[PDB]
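Shown next: upload09.csv, given as CSV, C-alpha atoms.
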```
chain,number,residue,atom,x,y,z
D,1,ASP,CA,45.4,28.4,20.2
D,2,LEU,CA,48.3,26.5,18.6
D,3,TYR,CA,49.9,29.8,17.6
D,4,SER,CA,49.2,30.7,21.2
D,5,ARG,CA,51.5,27.7,21.9
D,6,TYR,CA,53.8,29.7,19.7
D,7,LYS,CA,53.3,32.4,22.4
D,8,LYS,CA,54.5,29.6,24.6
D,9,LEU,CA,57.6,29.3,22.4
D,10,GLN,CA,58.5,32.9,23.1
D,11,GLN,CA,57.7,32.2,26.8
D,12,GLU,CA,60.2,29.3,26.7
D,13,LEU,CA,62.9,31.6,25.2
D,14,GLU,CA,62.1,34.1,28.0
D,15,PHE,CA,62.7,31.5,30.7
D,16,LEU,CA,65.8,30.0,29.0
D,17,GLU,CA,67.9,33.0,27.9
D,18,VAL,CA,66.9,35.8,30.1
D,19,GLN,CA,66.8,34.1,33.5
D,20,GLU,CA,69.5,31.4,33.5
D,21,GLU,CA,72.5,33.7,32.7
D,22,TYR,CA,70.8,36.2,35.0
D,23,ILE,CA,71.0,33.9,38.0
D,24,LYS,CA,74.6,32.8,36.9
D,25,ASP,CA,76.0,36.4,37.0
D,26,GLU,CA,73.8,37.2,40.0
D,27,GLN,CA,75.4,34.4,42.1
D,28,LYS,CA,78.9,35.3,40.8
D,29,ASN,CA,78.4,38.9,42.0
D,30,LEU,CA,76.9,37.7,45.2
D,31,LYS,CA,80.1,35.7,45.9
D,32,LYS,CA,82.0,38.9,45.2
Y,1,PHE,CA,68.8,-18.9,9.4
Y,2,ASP,CA,65.6,-17.0,8.6
Y,3,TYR,CA,63.2,-19.7,7.5
Y,4,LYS,CA,63.3,-22.0,10.5
Y,5,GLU,CA,60.4,-24.5,10.1
Y,6,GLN,CA,58.7,-24.8,6.7
Y,7,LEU,CA,62.2,-26.0,5.7
Y,8,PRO,CA,64.0,-29.3,6.4
Y,9,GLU,CA,67.5,-27.9,6.6
Y,10,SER,CA,70.3,-28.8,4.1
Y,11,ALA,CA,73.1,-31.2,5.0
Y,12,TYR,CA,75.5,-28.8,3.1
Y,13,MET,CA,74.4,-26.0,5.6
Y,14,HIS,CA,77.1,-26.7,8.2
Y,15,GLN,CA,79.8,-27.2,5.6
Y,16,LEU,CA,79.0,-23.9,3.9
Y,17,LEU,CA,78.7,-22.1,7.2
Y,18,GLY,CA,82.2,-23.3,8.2
Y,19,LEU,CA,83.4,-22.1,4.8
Y,20,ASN,CA,82.0,-18.7,5.5
Y,21,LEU,CA,83.8,-18.7,8.9
Y,22,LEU,CA,87.0,-19.6,7.0
Y,23,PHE,CA,86.4,-16.7,4.7
Y,24,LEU,CA,85.9,-14.3,7.6
Y,25,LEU,CA,89.1,-15.6,9.2
Y,26,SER,CA,91.0,-15.2,5.9
Y,27,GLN,CA,89.8,-11.6,5.6
Y,28,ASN,CA,90.6,-11.0,9.3
Y,29,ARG,CA,87.2,-9.8,10.4
Y,30,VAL,CA,87.3,-11.5,13.8
Y,31,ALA,CA,84.4,-9.6,15.3
Y,32,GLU,CA,82.0,-10.7,12.5
Y,33,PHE,CA,83.6,-14.2,12.6
Y,34,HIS,CA,82.7,-14.6,16.3
Y,35,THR,CA,79.3,-12.9,15.8
Y,36,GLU,CA,78.3,-15.4,13.0
Y,37,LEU,CA,79.9,-18.3,15.0
Y,38,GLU,CA,77.5,-17.5,17.8
Y,39,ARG,CA,74.6,-18.2,15.4
Y,40,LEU,CA,75.6,-21.9,15.2
Y,41,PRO,CA,73.9,-24.0,17.8
Y,42,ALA,CA,76.0,-25.2,20.8
Y,43,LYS,CA,76.4,-28.9,19.8
Y,44,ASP,CA,77.0,-27.8,16.2
Y,45,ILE,CA,79.9,-25.6,17.4
Y,46,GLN,CA,81.2,-28.3,19.7
Y,47,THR,CA,80.9,-31.5,17.5
Y,48,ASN,CA,80.3,-30.9,13.8
Y,49,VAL,CA,83.7,-31.0,12.1
Y,50,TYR,CA,82.7,-28.3,9.6
Y,51,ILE,CA,82.2,-25.8,12.5
Y,52,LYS,CA,85.0,-27.2,14.7
Y,53,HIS,CA,87.7,-26.7,12.1
Y,54,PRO,CA,87.1,-22.9,11.7
Y,55,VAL,CA,86.7,-22.2,15.4
Y,56,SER,CA,89.8,-24.4,16.2
Y,57,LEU,CA,91.8,-22.6,13.6
Y,58,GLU,CA,90.9,-19.2,15.2
Y,59,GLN,CA,91.8,-20.7,18.6
Y,60,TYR,CA,95.2,-21.7,17.2
Y,61,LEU,CA,95.8,-18.3,15.6
Y,62,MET,CA,95.0,-16.5,18.8
Y,63,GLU,CA,97.2,-18.8,20.8
Y,64,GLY,CA,100.0,-18.6,18.3
Y,65,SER,CA,99.9,-22.3,17.5
Y,66,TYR,CA,101.0,-21.7,13.9
Y,67,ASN,CA,102.2,-25.3,13.6
Y,68,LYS,CA,98.7,-26.6,14.0
Y,69,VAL,CA,97.4,-23.8,11.8
Y,70,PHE,CA,99.8,-25.0,9.1
Y,71,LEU,CA,98.7,-28.6,9.7
Y,72,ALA,CA,95.1,-27.4,9.0
Y,73,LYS,CA,96.4,-27.2,5.4
Y,74,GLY,CA,96.5,-31.0,5.6
Y,75,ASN,CA,93.4,-31.3,7.7
Y,76,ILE,CA,91.0,-29.4,5.4
Y,77,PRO,CA,87.8,-31.4,6.2
Y,78,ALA,CA,86.4,-30.2,2.9
Y,79,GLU,CA,88.7,-29.6,-0.1
Y,80,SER,CA,86.9,-26.4,-0.9
Y,81,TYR,CA,88.5,-24.8,2.1
Y,82,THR,CA,91.9,-24.5,0.4
Y,83,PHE,CA,91.2,-21.2,-1.3
Y,84,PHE,CA,90.3,-19.3,1.9
Y,85,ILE,CA,93.2,-21.1,3.7
Y,86,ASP,CA,96.1,-20.2,1.4
Y,87,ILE,CA,95.7,-16.5,2.0
Y,88,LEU,CA,95.4,-17.1,5.7
Y,89,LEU,CA,98.7,-19.0,5.6
Y,90,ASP,CA,100.4,-16.1,3.8
Y,91,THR,CA,99.1,-13.6,6.4
Y,92,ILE,CA,100.2,-16.0,9.1
Y,93,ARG,CA,103.7,-16.0,7.5
Y,94,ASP,CA,103.7,-12.3,7.9
Y,95,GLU,CA,102.5,-12.5,11.5
Y,96,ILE,CA,105.2,-15.1,12.4
Y,97,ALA,CA,107.8,-12.9,10.8
Y,98,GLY,CA,106.6,-10.1,13.0
Y,99,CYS,CA,107.0,-12.4,16.1
Y,100,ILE,CA,110.5,-13.2,14.9
Y,101,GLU,CA,111.3,-9.5,14.5
Y,102,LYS,CA,110.3,-8.6,18.0
Y,103,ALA,CA,111.7,-11.7,19.7
Y,104,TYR,CA,114.9,-13.5,18.8
Y,105,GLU,CA,117.7,-11.1,19.5
Y,106,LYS,CA,119.5,-13.2,16.9
Y,107,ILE,CA,118.3,-16.1,14.7
Y,108,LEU,CA,120.0,-18.3,12.1
Y,109,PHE,CA,118.9,-19.5,8.7
Y,110,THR,CA,118.7,-23.3,8.5
Y,111,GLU,CA,116.3,-23.3,11.4
Y,112,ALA,CA,114.6,-20.0,10.6
Y,113,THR,CA,113.5,-21.9,7.4
Y,114,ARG,CA,111.4,-24.3,9.5
Y,115,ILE,CA,110.3,-21.5,11.8
Y,116,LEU,CA,108.8,-19.6,8.9
Y,117,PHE,CA,107.6,-22.9,7.4
Y,118,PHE,CA,109.4,-22.3,4.1
Y,119,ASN,CA,110.9,-25.0,2.0
Y,120,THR,CA,113.4,-23.2,-0.2
Y,121,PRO,CA,116.4,-21.0,0.5
Y,122,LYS,CA,115.4,-18.9,-2.6
Y,123,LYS,CA,112.0,-18.3,-0.9
Y,124,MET,CA,113.9,-17.4,2.3
Y,125,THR,CA,116.1,-14.9,0.5
Y,126,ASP,CA,113.1,-13.3,-1.3
Y,127,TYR,CA,111.2,-13.0,1.9
Y,128,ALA,CA,114.2,-11.4,3.7
Y,129,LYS,CA,114.5,-8.9,0.9
Y,130,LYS,CA,110.8,-8.3,1.7
Y,131,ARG,CA,110.9,-5.9,4.6
Y,132,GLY,CA,114.7,-6.3,4.9
Y,133,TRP,CA,117.2,-8.3,6.9
Y,134,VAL,CA,121.0,-8.5,7.2
Y,135,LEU,CA,121.1,-11.8,5.3
Y,136,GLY,CA,123.1,-13.6,8.1
Y,137,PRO,CA,126.7,-12.3,7.7
Y,138,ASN,CA,127.6,-15.1,10.2
Y,139,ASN,CA,124.5,-17.0,9.0
Y,140,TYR,CA,122.6,-15.2,11.7
Y,141,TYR,CA,119.8,-12.7,11.0
Y,142,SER,CA,120.8,-10.1,13.5
Y,143,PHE,CA,117.7,-7.9,13.5
Y,144,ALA,CA,118.5,-6.7,17.0
Y,145,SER,CA,117.6,-3.0,16.4
Y,146,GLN,CA,115.9,-2.9,19.9
Y,147,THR,CA,113.2,9.6,28.7
Y,148,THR,CA,111.2,12.3,26.9
Y,149,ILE,CA,108.9,13.2,29.7
Y,150,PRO,CA,105.3,13.7,28.4
Y,151,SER,CA,105.4,17.1,30.0
Y,152,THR,CA,102.8,18.6,27.7
Y,153,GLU,CA,100.2,15.9,28.4
Y,154,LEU,CA,100.9,15.8,32.1
Y,155,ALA,CA,100.5,19.6,32.3
Y,156,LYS,CA,97.2,19.3,30.5
Y,157,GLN,CA,96.1,16.6,33.0
Y,158,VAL,CA,97.1,18.8,36.0
Y,159,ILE,CA,95.3,21.8,34.5
Y,160,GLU,CA,92.3,19.6,34.1
Y,161,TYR,CA,92.6,18.7,37.8
Y,162,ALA,CA,92.8,22.4,38.7
Y,163,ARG,CA,89.8,23.3,36.5
Y,164,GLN,CA,87.6,20.5,37.9
Y,165,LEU,CA,88.6,21.6,41.4
Y,166,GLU,CA,87.9,25.3,40.8
Y,167,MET,CA,84.6,25.1,38.9
Y,168,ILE,CA,83.1,24.4,42.4
P,1,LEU,CA,103.8,42.4,31.9
P,2,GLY,CA,105.9,44.2,34.5
P,3,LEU,CA,105.9,46.4,37.5
P,4,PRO,CA,105.8,50.2,37.0
P,5,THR,CA,108.9,50.9,39.1
P,6,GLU,CA,112.4,50.2,37.9
P,7,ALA,CA,115.0,50.9,40.6
P,8,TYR,CA,118.6,51.8,39.9
P,9,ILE,CA,121.6,52.7,42.1
P,10,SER,CA,124.7,54.4,40.8
P,11,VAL,CA,127.9,52.5,41.1
P,12,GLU,CA,131.5,52.8,39.7
P,13,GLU,CA,132.2,50.2,37.0
P,14,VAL,CA,135.8,49.0,37.2
P,15,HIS,CA,136.1,47.5,33.7
P,16,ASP,CA,138.3,44.5,33.4
P,17,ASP,CA,139.4,45.6,29.9
P,18,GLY,CA,141.2,48.7,31.4
P,19,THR,CA,138.7,51.2,30.1
P,20,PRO,CA,138.4,54.2,32.5
P,21,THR,CA,136.1,53.6,35.4
P,22,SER,CA,132.8,55.5,35.0
P,23,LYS,CA,129.6,55.9,37.1
P,24,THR,CA,126.8,53.6,35.9
P,25,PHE,CA,123.3,52.7,37.1
P,26,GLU,CA,122.9,49.3,38.7
P,27,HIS,CA,119.5,47.7,39.1
P,28,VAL,CA,118.0,46.8,42.5
P,29,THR,CA,115.0,44.6,43.0
P,30,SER,CA,112.0,46.8,43.3
P,31,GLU,CA,108.5,45.9,44.3
P,32,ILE,CA,105.3,47.6,45.5
P,33,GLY,CA,104.3,47.3,49.1
P,34,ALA,CA,101.8,49.0,51.4
P,35,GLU,CA,101.4,50.1,55.0
P,36,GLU,CA,98.2,48.9,56.7
P,37,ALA,CA,96.4,52.2,56.0
P,38,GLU,CA,97.8,52.3,52.4
P,39,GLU,CA,96.5,48.8,51.8
P,40,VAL,CA,93.1,49.7,53.3
P,41,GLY,CA,92.9,52.8,51.0
P,42,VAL,CA,94.0,51.0,47.9
P,43,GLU,CA,91.6,48.1,48.6
P,44,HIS,CA,88.8,50.5,49.0
P,45,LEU,CA,89.7,52.2,45.7
P,46,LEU,CA,89.9,48.8,43.9
P,47,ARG,CA,86.8,47.4,45.8
P,48,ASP,CA,85.0,46.8,42.5
P,49,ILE,CA,87.9,46.1,40.1
P,50,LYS,CA,90.1,43.7,42.0
P,51,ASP,CA,88.7,40.1,41.8
P,52,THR,CA,89.0,38.2,45.1
P,53,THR,CA,86.6,35.3,44.4
P,54,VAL,CA,89.3,33.5,42.3
P,55,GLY,CA,90.6,30.9,44.6
P,56,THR,CA,94.2,30.2,45.6
P,57,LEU,CA,94.7,27.6,42.9
P,58,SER,CA,93.3,29.8,40.2
P,59,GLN,CA,95.4,32.8,41.4
P,60,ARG,CA,98.6,30.6,41.4
P,61,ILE,CA,97.8,29.3,37.8
P,62,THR,CA,97.3,32.9,36.7
P,63,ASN,CA,100.7,33.7,38.3
P,64,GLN,CA,102.3,30.9,36.4
P,65,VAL,CA,100.9,32.1,33.0
J,1,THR,CA,133.7,24.0,21.2
J,2,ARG,CA,131.9,20.8,22.3
J,3,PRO,CA,128.1,21.2,22.8
J,4,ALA,CA,126.2,21.4,26.1
J,5,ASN,CA,125.1,17.8,25.9
J,6,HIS,CA,128.1,15.7,24.7
J,7,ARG,CA,130.6,17.8,26.8
J,8,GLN,CA,132.3,14.7,28.2
J,9,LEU,CA,136.0,14.7,27.5
J,10,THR,CA,138.1,11.6,27.4
J,11,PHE,CA,141.7,11.4,28.6
J,12,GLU,CA,142.8,10.3,25.1
J,13,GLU,CA,141.1,13.3,23.5
J,14,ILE,CA,142.6,15.8,25.9
J,15,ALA,CA,146.0,14.2,25.6
J,16,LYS,CA,145.9,14.3,21.8
J,17,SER,CA,144.7,17.9,21.8
J,18,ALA,CA,147.3,19.2,24.3
J,19,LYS,CA,150.2,17.0,23.3
J,20,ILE,CA,150.4,15.6,26.9
J,21,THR,CA,150.0,12.0,28.2
J,22,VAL,CA,147.0,10.5,29.9
J,23,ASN,CA,149.0,10.4,33.2
J,24,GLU,CA,149.3,14.3,33.1
J,25,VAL,CA,145.9,15.3,31.7
J,26,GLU,CA,144.5,14.4,35.1
J,27,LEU,CA,146.7,17.0,36.9
J,28,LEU,CA,146.0,19.5,34.1
J,29,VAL,CA,142.3,19.2,34.6
J,30,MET,CA,142.5,19.5,38.3
J,31,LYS,CA,144.7,22.6,37.8
J,32,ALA,CA,142.0,24.0,35.5
J,33,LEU,CA,139.3,23.4,38.0
J,34,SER,CA,141.4,24.9,40.8
J,35,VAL,CA,142.2,28.1,38.9
J,36,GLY,CA,138.5,28.2,38.1
J,37,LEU,CA,138.5,28.4,34.3
J,38,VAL,CA,136.2,25.3,34.2
J,39,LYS,CA,133.7,23.5,36.4
J,40,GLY,CA,133.2,19.8,36.5
J,41,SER,CA,134.5,16.5,37.8
J,42,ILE,CA,136.7,13.6,36.8
J,43,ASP,CA,135.9,9.9,36.5
J,44,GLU,CA,139.3,8.2,36.2
J,45,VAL,CA,137.9,4.7,36.2
J,46,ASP,CA,136.4,5.5,32.8
J,47,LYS,CA,138.9,8.3,32.1
J,48,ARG,CA,136.2,10.8,31.3
J,49,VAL,CA,136.3,14.5,32.4
J,50,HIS,CA,132.7,15.6,32.9
J,51,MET,CA,132.4,19.4,32.3
J,52,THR,CA,129.5,21.8,33.1
J,53,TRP,CA,130.9,25.3,32.6
J,54,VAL,CA,133.8,27.2,31.0
J,55,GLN,CA,135.0,30.7,31.4
J,56,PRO,CA,133.0,33.1,29.2
J,57,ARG,CA,134.8,33.6,25.9
J,58,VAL,CA,134.6,36.3,23.3
J,59,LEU,CA,132.2,35.5,20.4
J,60,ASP,CA,132.3,36.4,16.7
J,61,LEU,CA,129.4,37.8,14.7
J,62,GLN,CA,128.5,34.4,13.3
J,63,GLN,CA,128.6,33.0,16.9
J,64,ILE,CA,126.3,35.8,18.0
J,65,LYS,CA,123.9,35.0,15.2
J,66,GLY,CA,123.9,31.3,16.1
J,67,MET,CA,123.1,32.2,19.7
J,68,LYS,CA,120.3,34.4,18.4
J,69,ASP,CA,118.8,31.4,16.5
J,70,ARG,CA,119.0,29.4,19.7
J,71,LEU,CA,117.3,32.2,21.6
J,72,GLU,CA,114.6,32.3,18.9
J,73,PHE,CA,114.0,28.5,19.4
J,74,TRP,CA,113.7,29.1,23.2
J,75,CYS,CA,111.3,32.0,22.7
J,76,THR,CA,109.1,29.9,20.4
J,77,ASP,CA,108.9,27.1,23.0
J,78,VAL,CA,108.1,29.6,25.7
J,79,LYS,CA,105.3,31.1,23.6
J,80,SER,CA,103.9,27.7,22.7
J,81,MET,CA,103.5,26.7,26.4
J,82,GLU,CA,102.1,30.2,27.3
J,83,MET,CA,99.4,29.6,24.7
J,84,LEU,CA,98.8,26.0,25.8
J,85,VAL,CA,98.4,27.0,29.5
J,86,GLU,CA,96.2,29.9,28.7
J,87,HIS,CA,93.9,27.9,26.4
J,88,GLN,CA,93.7,24.9,28.7
J,89,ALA,CA,92.9,26.9,31.8
J,90,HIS,CA,90.9,29.6,30.1
J,91,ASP,CA,87.9,28.9,32.3
J,92,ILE,CA,89.5,29.3,35.7
J,93,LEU,CA,92.3,31.5,34.4
J,94,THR,CA,91.7,35.1,35.5
```

How would this structure read if it were set down as structure tokens?
Amino acid sequence: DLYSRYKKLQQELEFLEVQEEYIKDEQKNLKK
Amino acid sequence: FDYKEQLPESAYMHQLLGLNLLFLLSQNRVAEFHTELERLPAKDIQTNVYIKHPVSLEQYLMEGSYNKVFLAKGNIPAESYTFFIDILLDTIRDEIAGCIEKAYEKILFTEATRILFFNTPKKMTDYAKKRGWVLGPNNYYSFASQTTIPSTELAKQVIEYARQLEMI
Amino acid sequence: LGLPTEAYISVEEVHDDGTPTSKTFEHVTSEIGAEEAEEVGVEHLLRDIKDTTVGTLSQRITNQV
Amino acid sequence: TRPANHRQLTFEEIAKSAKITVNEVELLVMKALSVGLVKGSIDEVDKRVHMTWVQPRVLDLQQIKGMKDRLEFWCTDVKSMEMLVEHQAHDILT
């Protein structure tokens, strides 16, 4: 269960790295 | 200061606290001086001679009242204050000399002696050799040695304006 | 760091040091300009390369550098 | 020969150089300006001839080398500010 919260660690990494820069470049190209 | 109550206080306390304030002034740690001075109760700061002399000496030093600072050498409410006061007098001699350097487009010697609070022309000559003066060719210490657009810094500031405007 | 076109015009050089006059190439300010249709076509070709979401201030700073 | 900064000529200096008198150096300088060999102005109250340009003169190899060193200094300054502007505006700079 607590190493399932380690699953939550990798979930946090997924939100942080994958989606933030995704939206950033998405809105840049949307301005273009 | 810690063991308030359970203790009857010592009459020497105020004297020794004033001596500590003199020590802090001599070493020129003004922030710590004021911080500890704030520990003394109000009426102790305002009335007790042992706490009045240190604070008054700092007041005179900040104002520039070096005459009264020197007269503190005669005041000395407790004779033990001499040690921490002599070094302060020497530092104040340096500070007064700095004042003389910046001001006094020209100054003579016979009166500069009293200005620097010295009592011997040999001491005057030694001190002039210290740092360096013109010795008064006409008996006057003429230490009257008094563009460049900050283009780089201004360009940095303007680029900062542009970047703060364009990160919108 | 420069335009691709260098324009020259031949002109006789009357040397002040008496050397014989000889034909030489003289530079003339050359720049690239487009008709309306040429601009439309080139903009279509550069639709995905040219960056237009820069801002006037950013473009002018780029011009300065 | 005088540099680009201290190129102010006094009537006494020009008189000594040309073996003329301060009362004729003034006419000489105006004649120079009229013929167009030099550009500048005259302040006779202070007897100083301000100059800003002289006819281009032939240069020797050493003079060309010195001009090259000056050009190197200029190029270093230009490169320094190119780098400064680029680094400071890197974010916005396209």

Within 8 Å of chain Y, which residues of chain J come that close, and what is the closest atom pair and distance in Å for each? Count all atoms listed in the file and give it as JSON lines.
```
{"residue": "J:85", "atom": "CA", "partner": "Y:159", "partner_atom": "CA", "distance": 7.9}
{"residue": "J:88", "atom": "CA", "partner": "Y:159", "partner_atom": "CA", "distance": 6.8}
{"residue": "J:89", "atom": "CA", "partner": "Y:159", "partner_atom": "CA", "distance": 6.2}
{"residue": "J:91", "atom": "CA", "partner": "Y:163", "partner_atom": "CA", "distance": 7.3}
{"residue": "J:92", "atom": "CA", "partner": "Y:163", "partner_atom": "CA", "distance": 6.1}
```

Select all residues from chain P having any atom no more than 10 Å from an atom of chain Y (counting all atoms listed in the file, ignoring ligands), output as a list in words.
-> residues 54, 55, 56, 57, 58 and 61 of chain P

Those same residues - C-alpha atoms - I'd like them written as a compact mmCIF listing (two decimals), in the frame of the given file.
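Output contents, as saved in part_21.txt:
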```txt
# COMPACT_ATOMS: atom_id res chain seq x y z
CA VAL P 54 89.30 33.50 42.30
CA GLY P 55 90.60 30.90 44.60
CA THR P 56 94.20 30.20 45.60
CA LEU P 57 94.70 27.60 42.90
CA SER P 58 93.30 29.80 40.20
CA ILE P 61 97.80 29.30 37.80
```

Counting all atoms listed in the file, which residues of chain J come no farther than 12 Å from chain P, as a ChimeraX atom specification?
-> /J:78-94

Polymer residues at most 12 Å from (97.2, -30.1, 8.9) by all atoms listed in the file, as a PDB file with C-alpha atoms, in the coordinates of the input:
```pdb
ATOM      1  CA  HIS Y  53      87.700 -26.700  12.100  1.00  0.00           C
ATOM      2  CA  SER Y  56      89.800 -24.400  16.200  1.00  0.00           C
ATOM      3  CA  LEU Y  57      91.800 -22.600  13.600  1.00  0.00           C
ATOM      4  CA  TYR Y  60      95.200 -21.700  17.200  1.00  0.00           C
ATOM      5  CA  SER Y  65      99.900 -22.300  17.500  1.00  0.00           C
ATOM      6  CA  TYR Y  66     101.000 -21.700  13.900  1.00  0.00           C
ATOM      7  CA  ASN Y  67     102.200 -25.300  13.600  1.00  0.00           C
ATOM      8  CA  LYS Y  68      98.700 -26.600  14.000  1.00  0.00           C
ATOM      9  CA  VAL Y  69      97.400 -23.800  11.800  1.00  0.00           C
ATOM     10  CA  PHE Y  70      99.800 -25.000   9.100  1.00  0.00           C
ATOM     11  CA  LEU Y  71      98.700 -28.600   9.700  1.00  0.00           C
ATOM     12  CA  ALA Y  72      95.100 -27.400   9.000  1.00  0.00           C
ATOM     13  CA  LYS Y  73      96.400 -27.200   5.400  1.00  0.00           C
ATOM     14  CA  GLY Y  74      96.500 -31.000   5.600  1.00  0.00           C
ATOM     15  CA  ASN Y  75      93.400 -31.300   7.700  1.00  0.00           C
ATOM     16  CA  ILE Y  76      91.000 -29.400   5.400  1.00  0.00           C
ATOM     17  CA  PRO Y  77      87.800 -31.400   6.200  1.00  0.00           C
ATOM     18  CA  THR Y  82      91.900 -24.500   0.400  1.00  0.00           C
ATOM     19  CA  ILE Y  85      93.200 -21.100   3.700  1.00  0.00           C
ATOM     20  CA  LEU Y  89      98.700 -19.000   5.600  1.00  0.00           C
TER      21      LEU Y  89
END
```

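CA of residue 115 in chain Y sits 15.9 Å away from CA of residue 135 in chain Y.
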
If you count all atoms listed in the file, which residues fall within 9 Å of residue 3 in chain P, apart from same-chain ones fewer than 6 positions away, as a VMD selection string?
-> chain P and resid 30 to 32

Can you pull out the residues contacting range 28-32 of chain D? Cut-off 9 Å, using only C-alpha atoms, and skip same-chain residues under 6 positions away; I want them as an mmCIF file with C-alpha atoms, in the coordinates of the input.
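result_15.cif was written with the following content:
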```cif
data_model
loop_
_atom_site.group_PDB
_atom_site.id
_atom_site.type_symbol
_atom_site.label_atom_id
_atom_site.label_comp_id
_atom_site.auth_asym_id
_atom_site.auth_seq_id
_atom_site.Cartn_x
_atom_site.Cartn_y
_atom_site.Cartn_z
ATOM 1 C CA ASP P 48 85.000 46.800 42.500
ATOM 2 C CA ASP P 51 88.700 40.100 41.800
ATOM 3 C CA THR P 52 89.000 38.200 45.100
ATOM 4 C CA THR P 53 86.600 35.300 44.400
#
```

Interatomic distance (Å, one decimal) between CA of residue 114 in chain Y and CA of residue 62 in chain Y =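 Distance between the two atoms: 20.4 Å.
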
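Take CA of residue 34 in chain J and CA of residue 56 in chain J: the distance between them is 16.5 Å.
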
Which neighbours of range 22-29 of chain J fall inside 10 Å, counting all atoms listed in the file, when residues of the same chain fewer than 4 positions from it are skipped, and could you give them as a list in words?
-> residues 10, 11, 12, 13, 14, 15, 16, 18, 33, 34, 35, 37, 38, 39, 40, 41, 42, 43, 44, 47, 48 and 49 of chain J
